[PDB]
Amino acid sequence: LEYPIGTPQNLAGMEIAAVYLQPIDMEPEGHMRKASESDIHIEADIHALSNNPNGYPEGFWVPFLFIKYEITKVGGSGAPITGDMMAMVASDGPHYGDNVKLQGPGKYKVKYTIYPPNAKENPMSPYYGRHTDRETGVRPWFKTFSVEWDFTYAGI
């Protein structure tokens, strides 16, 4: 049970999909905006495609990424809604998500900015490596990229 935001986009051997669902509760406490003060839990579902250049087998979750989002109401007066997702696990597996408060029903544009593990902006840079030798190594990390979709929200 989830609500898709547009259709998934394929880049650098990965599938990037955007979805939302009801606000959630998460451990550790204090990271997510409280469910009672949110409208949705927005998610980025990122999985490896066949022949992924960073060594992930097809269908694997791509871990240690850092995702920033920008949600803008189309024809709205208000400014965009921005934030950072957090890596986490739910009953459907690991993902990147965040509890968001929107600006009522209507048309929205959503932009995700996806940072690789080595990006300056990624706080997980010192904790994740990549083999670089010819025998066991992989291609360099993909470069930071943005993906966008349109969606209509009505209250869930």
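Throughout, we count residues from 1 along the sequence that is shown.
The PDB entry records a higher mean C-alpha B factor for 98-106 than for its counterpart among 60-68 and 98-106. Mean CA B-factor, 83-91 versus 127-135: the higher value falls on 127-135. Ranked by C-alpha B-factor against the other modelled residues of its chain, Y3 falls in the lowest third. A12: CA B factor lies in the highest third for its chain, per the PDB record. In the PDB entry, a CA B factor belonging to the middle third of its chain's modelled residues is recorded for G55. When the CA B factors of the chain's modelled residues are split into thirds, the value for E43 lands in the lowest one.
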